[PDB]
file work04.cif (mmCIF, C-alpha atoms and all ligand atoms)
data_coords
loop_
_atom_site.label_atom_id
_atom_site.label_comp_id
_atom_site.auth_asym_id
_atom_site.auth_seq_id
_atom_site.Cartn_x
_atom_site.Cartn_y
_atom_site.Cartn_z
CA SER A 5 -31.05 -10.86 -6.33
CA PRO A 6 -29.62 -7.40 -7.05
CA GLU A 7 -28.67 -5.23 -4.12
CA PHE A 8 -29.86 -1.64 -4.02
CA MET A 9 -28.51 1.27 -2.01
CA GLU A 10 -31.91 1.48 -0.31
CA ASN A 11 -31.05 -1.94 1.18
CA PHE A 12 -28.27 -0.39 3.25
CA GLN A 13 -28.39 1.69 6.38
CA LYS A 14 -25.39 3.95 6.92
CA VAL A 15 -23.96 3.47 10.38
CA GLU A 16 -20.90 5.69 10.52
CA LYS A 17 -18.01 7.03 8.47
CA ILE A 18 -15.02 4.70 8.94
CA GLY A 19 -12.46 6.58 6.89
CA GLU A 20 -11.86 8.34 3.58
CA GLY A 21 -9.46 6.55 1.25
CA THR A 22 -8.30 7.84 -2.11
CA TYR A 23 -11.93 7.61 -3.30
CA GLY A 24 -13.68 9.85 -0.82
CA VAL A 25 -15.38 8.66 2.34
CA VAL A 26 -15.82 5.00 3.32
CA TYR A 27 -18.94 4.16 5.33
CA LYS A 28 -19.78 1.32 7.67
CA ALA A 29 -23.26 0.20 6.64
CA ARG A 30 -25.76 -2.48 7.60
CA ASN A 31 -27.55 -4.63 5.04
CA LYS A 32 -31.21 -4.33 6.08
CA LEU A 33 -32.08 -7.73 4.54
CA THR A 34 -29.33 -9.89 6.07
CA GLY A 35 -28.16 -7.69 8.92
CA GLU A 36 -24.59 -8.04 7.68
CA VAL A 37 -22.38 -5.01 8.22
CA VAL A 38 -20.19 -4.03 5.28
CA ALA A 39 -17.86 -1.24 4.24
CA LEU A 40 -19.20 0.87 1.35
CA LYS A 41 -17.07 2.97 -0.94
CA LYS A 42 -18.77 5.56 -3.15
CA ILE A 43 -17.28 6.19 -6.58
CA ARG A 44 -18.37 9.14 -8.70
CA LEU A 45 -17.92 8.25 -12.37
CA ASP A 46 -17.01 10.55 -15.27
CA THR A 47 -18.65 10.44 -18.69
CA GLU A 48 -16.67 13.66 -19.16
CA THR A 49 -14.84 12.30 -22.21
CA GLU A 50 -16.69 9.20 -23.37
CA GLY A 51 -15.63 6.43 -21.00
CA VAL A 52 -12.90 4.68 -19.04
CA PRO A 53 -9.62 3.86 -20.83
CA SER A 54 -9.68 0.31 -22.19
CA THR A 55 -6.40 -0.47 -20.44
CA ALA A 56 -8.00 0.84 -17.23
CA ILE A 57 -11.02 -1.38 -17.68
CA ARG A 58 -8.65 -4.32 -18.07
CA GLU A 59 -6.75 -3.44 -14.89
CA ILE A 60 -9.96 -3.09 -12.88
CA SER A 61 -10.97 -6.47 -14.28
CA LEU A 62 -7.65 -7.92 -13.18
CA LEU A 63 -8.11 -6.61 -9.63
CA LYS A 64 -11.68 -7.94 -9.45
CA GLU A 65 -10.43 -11.45 -10.37
CA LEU A 66 -8.24 -11.71 -7.28
CA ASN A 67 -9.50 -13.78 -4.37
CA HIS A 68 -7.00 -14.02 -1.51
CA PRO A 69 -7.04 -13.94 2.29
CA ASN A 70 -4.73 -10.89 2.22
CA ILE A 71 -6.71 -8.74 -0.22
CA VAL A 72 -9.85 -6.99 1.05
CA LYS A 73 -12.89 -8.82 -0.26
CA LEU A 74 -15.15 -7.06 -2.74
CA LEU A 75 -18.63 -8.55 -2.30
CA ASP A 76 -20.67 -6.59 -4.86
CA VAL A 77 -20.68 -3.46 -7.05
CA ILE A 78 -23.95 -1.51 -7.21
CA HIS A 79 -24.54 0.82 -10.17
CA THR A 80 -26.85 3.82 -9.95
CA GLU A 81 -27.09 7.15 -11.77
CA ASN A 82 -23.49 7.93 -12.73
CA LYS A 83 -22.37 6.40 -9.42
CA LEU A 84 -20.81 3.14 -8.27
CA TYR A 85 -21.01 1.75 -4.75
CA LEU A 86 -18.41 -0.88 -3.93
CA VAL A 87 -19.61 -3.27 -1.23
CA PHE A 88 -16.70 -4.70 0.79
CA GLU A 89 -16.37 -6.93 3.80
CA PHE A 90 -16.35 -4.76 6.95
CA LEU A 91 -12.98 -4.19 8.68
CA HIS A 92 -12.59 -0.58 10.07
CA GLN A 93 -9.14 -0.98 11.71
CA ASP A 94 -5.92 -0.22 9.77
CA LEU A 95 -2.19 -0.42 10.32
CA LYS A 96 -1.80 3.34 10.65
CA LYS A 97 -4.45 3.59 13.38
CA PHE A 98 -3.03 0.50 15.06
CA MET A 99 0.53 1.87 15.04
CA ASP A 100 -0.69 5.15 16.49
CA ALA A 101 -2.45 3.21 19.26
CA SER A 102 0.70 1.16 19.87
CA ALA A 103 2.88 4.29 19.84
CA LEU A 104 3.90 4.04 23.50
CA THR A 105 5.16 0.48 23.33
CA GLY A 106 5.34 -0.38 19.66
CA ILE A 107 3.75 -3.33 17.88
CA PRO A 108 5.34 -6.56 19.23
CA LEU A 109 7.86 -8.24 16.91
CA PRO A 110 5.79 -11.39 16.49
CA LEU A 111 2.92 -9.27 15.11
CA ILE A 112 5.27 -7.21 12.94
CA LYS A 113 6.61 -10.44 11.48
CA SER A 114 3.11 -11.87 10.94
CA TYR A 115 1.82 -8.72 9.23
CA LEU A 116 4.88 -8.41 7.01
CA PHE A 117 4.68 -12.10 6.05
CA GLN A 118 1.00 -11.80 5.17
CA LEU A 119 1.49 -8.61 3.17
CA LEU A 120 4.25 -10.38 1.22
CA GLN A 121 1.82 -13.28 0.55
CA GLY A 122 -0.78 -10.82 -0.70
CA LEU A 123 1.73 -9.04 -2.91
CA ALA A 124 3.20 -12.25 -4.25
CA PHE A 125 -0.31 -13.25 -5.35
CA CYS A 126 -1.08 -9.90 -6.96
CA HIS A 127 2.26 -9.78 -8.74
CA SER A 128 1.90 -13.31 -10.13
CA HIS A 129 -1.45 -12.19 -11.55
CA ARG A 130 0.09 -9.00 -13.06
CA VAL A 131 -1.50 -6.72 -10.50
CA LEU A 132 0.53 -4.06 -8.65
CA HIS A 133 -0.72 -2.12 -5.68
CA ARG A 134 1.26 1.07 -6.40
CA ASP A 135 0.22 3.02 -3.33
CA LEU A 136 1.13 0.92 -0.31
CA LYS A 137 1.00 2.84 2.95
CA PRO A 138 -0.06 2.00 6.52
CA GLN A 139 -3.41 3.73 5.97
CA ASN A 140 -4.32 1.30 3.16
CA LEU A 141 -3.71 -1.92 5.14
CA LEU A 142 -6.75 -3.25 6.95
CA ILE A 143 -6.68 -5.53 9.96
CA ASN A 144 -9.23 -7.76 11.66
CA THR A 145 -9.75 -9.24 15.12
CA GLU A 146 -8.28 -12.60 14.12
CA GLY A 147 -4.87 -11.28 13.11
CA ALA A 148 -5.17 -11.00 9.34
CA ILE A 149 -3.96 -7.90 7.50
CA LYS A 150 -5.21 -7.09 4.00
CA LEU A 151 -4.29 -4.99 0.96
CA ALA A 152 -6.77 -2.23 0.04
CA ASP A 153 -6.93 1.14 -1.69
CA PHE A 154 -4.96 -0.02 -4.73
CA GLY A 155 -3.51 2.86 -6.80
CA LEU A 156 -5.36 1.82 -9.94
CA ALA A 157 -7.35 5.00 -10.75
CA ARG A 158 -4.38 7.39 -10.80
CA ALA A 159 -2.15 4.80 -12.51
CA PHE A 160 -4.37 4.23 -15.55
CA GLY A 161 -6.33 7.49 -15.53
CA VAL A 162 -9.71 6.14 -14.44
CA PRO A 163 -12.45 8.79 -14.81
CA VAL A 164 -13.03 9.37 -11.09
CA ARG A 165 -11.81 11.85 -8.45
CA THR A 166 -9.24 10.99 -5.76
CA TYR A 167 -7.57 12.05 -2.46
CA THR A 168 -10.62 13.60 -0.77
CA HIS A 169 -8.52 14.48 2.30
CA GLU A 170 -4.96 15.11 1.05
CA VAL A 171 -1.66 13.32 0.40
CA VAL A 172 1.43 11.74 2.03
CA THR A 173 1.94 9.18 -0.75
CA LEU A 174 5.49 10.31 -1.41
CA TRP A 175 6.89 8.66 1.72
CA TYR A 176 6.57 5.16 0.30
CA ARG A 177 7.39 5.89 -3.37
CA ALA A 178 10.23 3.87 -4.95
CA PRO A 179 13.30 5.81 -6.16
CA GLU A 180 12.98 4.63 -9.75
CA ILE A 181 9.56 6.41 -9.87
CA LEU A 182 11.01 9.57 -8.30
CA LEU A 183 13.75 9.49 -10.96
CA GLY A 184 11.26 9.23 -13.82
CA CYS A 185 11.73 5.63 -15.02
CA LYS A 186 9.91 5.00 -18.29
CA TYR A 187 8.49 1.74 -16.94
CA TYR A 188 8.43 0.72 -13.30
CA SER A 189 8.01 -2.89 -12.09
CA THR A 190 6.48 -4.99 -9.30
CA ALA A 191 9.59 -4.00 -7.30
CA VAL A 192 7.98 -0.67 -6.47
CA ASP A 193 5.62 -2.43 -4.05
CA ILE A 194 8.51 -4.19 -2.30
CA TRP A 195 10.20 -0.83 -1.71
CA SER A 196 6.99 0.54 -0.18
CA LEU A 197 6.64 -2.49 2.05
CA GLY A 198 10.27 -2.23 3.16
CA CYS A 199 9.50 1.36 4.26
CA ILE A 200 6.46 0.09 6.13
CA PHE A 201 8.56 -2.67 7.79
CA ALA A 202 11.03 -0.05 9.06
CA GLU A 203 8.15 2.16 10.28
CA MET A 204 6.54 -0.61 12.29
CA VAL A 205 9.90 -1.33 13.95
CA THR A 206 10.95 2.25 14.72
CA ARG A 207 7.48 3.69 15.16
CA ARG A 208 8.15 6.53 12.75
CA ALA A 209 8.01 6.89 8.96
CA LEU A 210 11.36 6.23 7.34
CA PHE A 211 11.42 8.90 4.60
CA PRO A 212 8.78 11.56 5.37
CA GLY A 213 9.43 13.88 2.43
CA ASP A 214 7.38 16.90 1.40
CA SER A 215 8.19 16.95 -2.34
CA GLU A 216 9.68 14.58 -4.93
CA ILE A 217 13.12 16.15 -4.66
CA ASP A 218 12.93 16.22 -0.85
CA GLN A 219 11.85 12.59 -0.87
CA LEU A 220 14.77 11.65 -3.06
CA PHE A 221 17.24 13.52 -0.85
CA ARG A 222 15.90 11.93 2.34
CA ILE A 223 16.41 8.52 0.73
CA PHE A 224 19.92 9.49 -0.46
CA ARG A 225 20.94 10.81 2.96
CA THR A 226 20.09 7.46 4.54
CA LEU A 227 21.00 4.85 1.94
CA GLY A 228 23.69 6.92 0.22
CA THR A 229 23.48 8.68 -3.13
CA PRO A 230 23.35 5.89 -5.71
CA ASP A 231 25.98 5.68 -8.43
CA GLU A 232 26.52 3.31 -11.38
CA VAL A 233 28.27 0.75 -9.21
CA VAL A 234 25.30 0.29 -6.87
CA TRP A 235 22.58 0.96 -9.45
CA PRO A 236 23.63 0.48 -13.09
CA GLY A 237 21.86 3.01 -15.25
CA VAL A 238 20.88 5.40 -12.47
CA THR A 239 22.88 8.36 -13.86
CA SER A 240 20.95 8.18 -17.14
CA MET A 241 17.46 8.04 -15.62
CA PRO A 242 15.13 10.81 -16.90
CA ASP A 243 15.25 12.98 -13.79
CA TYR A 244 18.70 12.11 -12.51
CA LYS A 245 20.91 15.22 -12.04
CA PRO A 246 24.70 15.01 -11.54
CA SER A 247 24.26 18.04 -9.27
CA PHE A 248 22.70 15.79 -6.62
CA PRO A 249 24.61 15.95 -3.32
CA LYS A 250 26.71 12.86 -2.62
CA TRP A 251 25.82 11.32 0.74
CA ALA A 252 27.39 8.22 2.25
CA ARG A 253 25.17 5.29 3.29
CA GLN A 254 24.16 5.12 6.98
CA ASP A 255 24.39 1.97 9.14
CA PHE A 256 21.10 0.19 9.90
CA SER A 257 22.14 -0.09 13.52
CA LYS A 258 21.34 3.60 13.41
CA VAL A 259 18.43 3.60 10.89
CA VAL A 260 16.46 0.72 12.45
CA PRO A 261 18.10 0.18 15.87
CA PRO A 262 15.87 -2.69 17.12
CA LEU A 263 16.60 -5.04 14.17
CA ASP A 264 19.18 -7.84 14.24
CA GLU A 265 21.12 -9.24 11.26
CA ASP A 266 18.13 -11.25 9.96
CA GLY A 267 15.90 -8.19 10.02
CA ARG A 268 18.63 -6.00 8.55
CA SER A 269 19.34 -8.54 5.83
CA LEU A 270 15.73 -8.59 4.76
CA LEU A 271 15.27 -4.83 5.03
CA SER A 272 18.37 -4.17 2.93
CA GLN A 273 17.07 -6.53 0.25
CA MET A 274 13.70 -4.74 0.18
CA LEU A 275 15.31 -1.29 -0.05
CA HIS A 276 17.91 -2.13 -2.66
CA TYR A 277 18.18 0.80 -5.11
CA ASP A 278 18.27 -1.32 -8.23
CA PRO A 279 14.74 -2.64 -9.03
CA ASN A 280 16.38 -5.63 -10.76
CA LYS A 281 18.20 -6.59 -7.55
CA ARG A 282 15.44 -5.76 -5.05
CA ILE A 283 14.05 -8.93 -3.48
CA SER A 284 10.73 -10.22 -4.94
CA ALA A 285 7.73 -10.85 -2.66
CA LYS A 286 7.98 -14.62 -3.32
CA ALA A 287 11.69 -14.76 -2.40
CA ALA A 288 11.17 -12.63 0.72
CA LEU A 289 8.76 -15.23 2.08
CA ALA A 290 11.69 -17.70 2.23
CA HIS A 291 13.93 -15.27 4.13
CA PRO A 292 15.35 -16.55 7.46
CA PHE A 293 13.58 -13.63 9.19
CA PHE A 294 10.36 -15.61 8.85
CA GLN A 295 11.60 -18.91 10.30
CA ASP A 296 9.53 -18.44 13.46
CA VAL A 297 6.56 -16.57 12.05
CA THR A 298 3.18 -17.11 13.75
CA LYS A 299 -0.24 -15.46 13.69
CA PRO A 300 -0.66 -13.32 16.85
CA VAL A 301 -3.98 -11.56 17.44
CA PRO A 302 -3.87 -7.78 17.90
CA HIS A 303 -4.99 -5.98 21.03
CA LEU A 304 -7.74 -3.70 19.70
CA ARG A 305 -9.48 -1.55 22.31
CA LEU A 306 -11.86 0.54 20.20
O1 LIG B 1 -16.38 -2.83 -13.69
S1 LIG B 1 -17.04 -2.50 -12.45
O2 LIG B 1 -17.37 -3.87 -11.60
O3 LIG B 1 -18.29 -1.78 -12.68
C1 LIG B 1 -15.99 -1.44 -11.48
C2 LIG B 1 -15.62 -1.94 -10.20
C3 LIG B 1 -14.81 -1.20 -9.34
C4 LIG B 1 -14.34 0.07 -9.73
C5 LIG B 1 -14.67 0.62 -10.99
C6 LIG B 1 -14.18 1.90 -11.36
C7 LIG B 1 -14.49 2.48 -12.60
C8 LIG B 1 -15.29 1.80 -13.52
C9 LIG B 1 -15.83 0.50 -13.23
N1 LIG B 1 -16.58 -0.10 -14.12
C10 LIG B 1 -17.66 0.37 -14.72
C11 LIG B 1 -18.09 -0.27 -15.91
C12 LIG B 1 -19.26 0.17 -16.60
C13 LIG B 1 -20.01 1.27 -16.09
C14 LIG B 1 -19.60 1.93 -14.90
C15 LIG B 1 -18.43 1.48 -14.21
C16 LIG B 1 -15.52 -0.13 -11.93
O1 LIG B 2 -11.09 -0.05 -3.63
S1 LIG B 2 -9.92 -0.93 -3.48
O2 LIG B 2 -9.59 -1.14 -1.91
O3 LIG B 2 -8.78 -0.34 -4.18
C1 LIG B 2 -10.25 -2.54 -4.18
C2 LIG B 2 -9.94 -3.64 -3.32
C3 LIG B 2 -10.16 -4.97 -3.73
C4 LIG B 2 -10.70 -5.24 -5.00
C5 LIG B 2 -11.03 -4.20 -5.91
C6 LIG B 2 -11.57 -4.52 -7.18
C7 LIG B 2 -11.90 -3.52 -8.10
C8 LIG B 2 -11.70 -2.17 -7.79
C9 LIG B 2 -11.16 -1.75 -6.52
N1 LIG B 2 -10.98 -0.45 -6.26
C10 LIG B 2 -11.10 0.55 -7.14
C11 LIG B 2 -12.01 1.61 -6.87
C12 LIG B 2 -12.16 2.70 -7.78
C13 LIG B 2 -11.40 2.75 -8.98
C14 LIG B 2 -10.48 1.70 -9.27
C15 LIG B 2 -10.32 0.61 -8.37
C16 LIG B 2 -10.80 -2.78 -5.53
#
call {"tool": "encode", "arguments": {"input": "work04.cif", "output": "structure tokens", "more": "lines below"}}
Ligand SMILES: O=S(=O)(O)c1cccc2cccc(Nc3ccccc3)c12
Ligand SMILES: O=S(=O)(O)c1cccc2cccc(Nc3ccccc3)c12
result
Amino acid sequence: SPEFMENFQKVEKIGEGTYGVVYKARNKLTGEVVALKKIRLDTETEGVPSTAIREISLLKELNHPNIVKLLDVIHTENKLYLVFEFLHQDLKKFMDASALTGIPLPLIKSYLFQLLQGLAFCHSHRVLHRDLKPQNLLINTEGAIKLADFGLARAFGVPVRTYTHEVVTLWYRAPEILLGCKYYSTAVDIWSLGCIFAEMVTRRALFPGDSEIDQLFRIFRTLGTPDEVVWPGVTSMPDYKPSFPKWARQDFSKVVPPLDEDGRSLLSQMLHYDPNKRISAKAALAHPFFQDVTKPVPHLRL
């Protein structure tokens, strides 16, 4: 039987992703609580780009424990309401609440492993996230972490508004995107996740830039300014400028102090400059860093 917006009682606002506010709501007929996302459409031109429609279709096809579950899509007067499973807690909020002590390594390992499983699945199905950041990763009481807030709308020009609150998306953006690559690859998500891995460990964002050029320079100052030896083709990328300062690479003992050689090995493979050399999500799952991975439950005192 079709669901109608009248069937839902708004409880509270639980956030405001790239598509406006997200509300916790209660289904009046089943009593189930869900997360509702409101999407304002745009018949401004004539419709949604065919390629966009295909990408939304691709995302809808995915069913995985590490991808937030879409339960239904309600259509009403130029508006779309996405009905999702209810989750309300995210990695950003959790890290802020674990600021004083940091998230324990077993949980860091579990979350990273699960996010890699989610990404491996998406990537094998030709789906990229494109906007991975702590804010977009939802967690539940049982220890799962899930991908959400995919960067689909801005990537394929979907007729809908975005970033109701603001931005900070630059911090996790892969260098090939910052340098204007004609075509990027699934490797961009691995870069983002590597930044998130480092952030969980150090309790601070790795490259908190305030502009594309500042973002690039922050990356260069830490990993060294790339050259043809380290990244073949970099000096010919659209936005590459020979005038870029030349910085030497920093040691990870300094960049991510708490990590040992297994952690450093994996991090270095996730932050490799060359997209063609950056570790894939599938290969990362087999990294020695995950030998002892388990599924700890988070301490959530809401
Ligand atoms: O495919 S749907 O499941 O609706 C869908 C699900 C989730 C997000 C969507 C965003 C834009 C357009 C859609 N489709 C659409 C198609 C026809 C009319 C209005 C919207 C979206
Ligand atoms: O909301 S997200 O968490 O990204 C999301 C998560 C999981 C499955 C999704 C399926 C279709 C569209 C989404 N979002 C969407 C919304 C508006 C425009 C384009 C895509 C999905």
call {"tool": "atom_distance", "arguments": {"input": "work04.cif", "atom1": "CA of residue 100 (chain A)", "atom2": "CA of residue 263 (chain A)"}}
result
20.2 Å
call {"tool": "residues_near_ligand", "arguments": {"input": "work04.cif", "ligand": "ligand LIG 2 (chain B)", "cutoff": "6 Å", "atoms": "all atoms listed in the file", "output": "JSON, numbers by chain"}}
result
{"A": [60, 63, 64, 72, 73, 74, 152, 153, 154, 156, 157]}
call {"tool": "atom_distance", "arguments": {"input": "work04.cif", "atom1": "CA of residue 171 (chain A)", "atom2": "CA of residue 133 (chain A)"}}
result
16.6 Å
call {"tool": "residues_around", "arguments": {"input": "work04.cif", "residues": "residue 147 (chain A)", "least_positions_apart": "2", "cutoff": "7 Å", "atoms": "all atoms listed in the file", "output": "count of residues only"}}
result
8
call {"tool": "closest_residue", "arguments": {"input": "work04.cif", "among": "A:223, A:274, A:304, A:164", "to": "residue 22 (chain A)", "atoms": "only C-alpha atoms"}}
result
A:164
call {"tool": "residues_near_point", "arguments": {"input": "work04.cif", "point": "(26.4, 17.4, -3.9)", "cutoff": "12 Å", "atoms": "all atoms listed in the file", "output": "MDAnalysis selection string"}}
result
chainID A and resid 221 224:225 228:229 245:252
call {"tool": "atom_distance", "arguments": {"input": "work04.cif", "atom1": "atom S1 of ligand LIG 1 (chain B)", "atom2": "CA of residue 89 (chain A)"}}
result
16.9 Å
call {"tool": "residues_near_point", "arguments": {"input": "work04.cif", "point": "(11.4, -1.0, 21.1)", "cutoff": "8 Å", "atoms": "all atoms listed in the file", "output": "JSON, numbers by chain"}}
result
{"A": [105, 106, 205, 206, 262]}
call {"tool": "residues_around", "arguments": {"input": "work04.cif", "residues": "residue 44 (chain A)", "least_positions_apart": "2", "cutoff": "8 Å", "atoms": "all atoms listed in the file", "output": "ChimeraX atom specification"}}
result
/A:42,46,82-84,164-165
call {"tool": "closest_residue", "arguments": {"input": "work04.cif", "among": "A:161, A:138, A:6, A:24", "to": "ligand LIG 1 (chain B)", "atoms": "only C-alpha atoms and all ligand atoms"}}
result
A:161
call {"tool": "residues_around", "arguments": {"input": "work04.cif", "residues": "region 175-177 of chain A", "least_positions_apart": "3", "cutoff": "12 Å", "atoms": "all atoms listed in the file", "output": "VMD selection string"}}
result
chain A and resid 133 to 140 155 171 to 172 180 to 184 188 191 to 203 208 to 223 275
call {"tool": "write_last_selection", "arguments": {"input": "work04.cif", "atoms": "C-alpha atoms", "output": "compact mmCIF listing (two decimals), in the frame of the given file"}}
result
# COMPACT_ATOMS: atom_id res chain seq x y z
CA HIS A 133 -0.72 -2.12 -5.68
CA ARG A 134 1.26 1.07 -6.40
CA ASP A 135 0.22 3.02 -3.33
CA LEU A 136 1.13 0.92 -0.31
CA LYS A 137 1.00 2.84 2.95
CA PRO A 138 -0.06 2.00 6.52
CA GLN A 139 -3.41 3.73 5.97
CA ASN A 140 -4.32 1.30 3.16
CA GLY A 155 -3.51 2.86 -6.80
CA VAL A 171 -1.66 13.32 0.40
CA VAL A 172 1.43 11.74 2.03
CA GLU A 180 12.98 4.63 -9.75
CA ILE A 181 9.56 6.41 -9.87
CA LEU A 182 11.01 9.57 -8.30
CA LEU A 183 13.75 9.49 -10.96
CA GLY A 184 11.26 9.23 -13.82
CA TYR A 188 8.43 0.72 -13.30
CA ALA A 191 9.59 -4.00 -7.30
CA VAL A 192 7.98 -0.67 -6.47
CA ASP A 193 5.62 -2.43 -4.05
CA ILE A 194 8.51 -4.19 -2.30
CA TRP A 195 10.20 -0.83 -1.71
CA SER A 196 6.99 0.54 -0.18
CA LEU A 197 6.64 -2.49 2.05
CA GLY A 198 10.27 -2.23 3.16
CA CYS A 199 9.50 1.36 4.26
CA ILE A 200 6.46 0.09 6.13
CA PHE A 201 8.56 -2.67 7.79
CA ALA A 202 11.03 -0.05 9.06
CA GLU A 203 8.15 2.16 10.28
CA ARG A 208 8.15 6.53 12.75
CA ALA A 209 8.01 6.89 8.96
CA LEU A 210 11.36 6.23 7.34
CA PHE A 211 11.42 8.90 4.60
CA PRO A 212 8.78 11.56 5.37
CA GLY A 213 9.43 13.88 2.43
CA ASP A 214 7.38 16.90 1.40
CA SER A 215 8.19 16.95 -2.34
CA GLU A 216 9.68 14.58 -4.93
CA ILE A 217 13.12 16.15 -4.66
CA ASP A 218 12.93 16.22 -0.85
CA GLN A 219 11.85 12.59 -0.87
CA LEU A 220 14.77 11.65 -3.06
CA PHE A 221 17.24 13.52 -0.85
CA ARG A 222 15.90 11.93 2.34
CA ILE A 223 16.41 8.52 0.73
CA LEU A 275 15.31 -1.29 -0.05
call {"tool": "closest_residue", "arguments": {"input": "work04.cif", "among": "A:15, A:233, A:62, A:107", "to": "ligand LIG 1 (chain B)", "atoms": "all atoms listed in the file"}}
result
A:62
call {"tool": "closest_residue", "arguments": {"input": "work04.cif", "among": "A:162, A:87, A:111, A:26", "to": "ligand LIG 1 (chain B)", "atoms": "all atoms listed in the file"}}
result
A:162
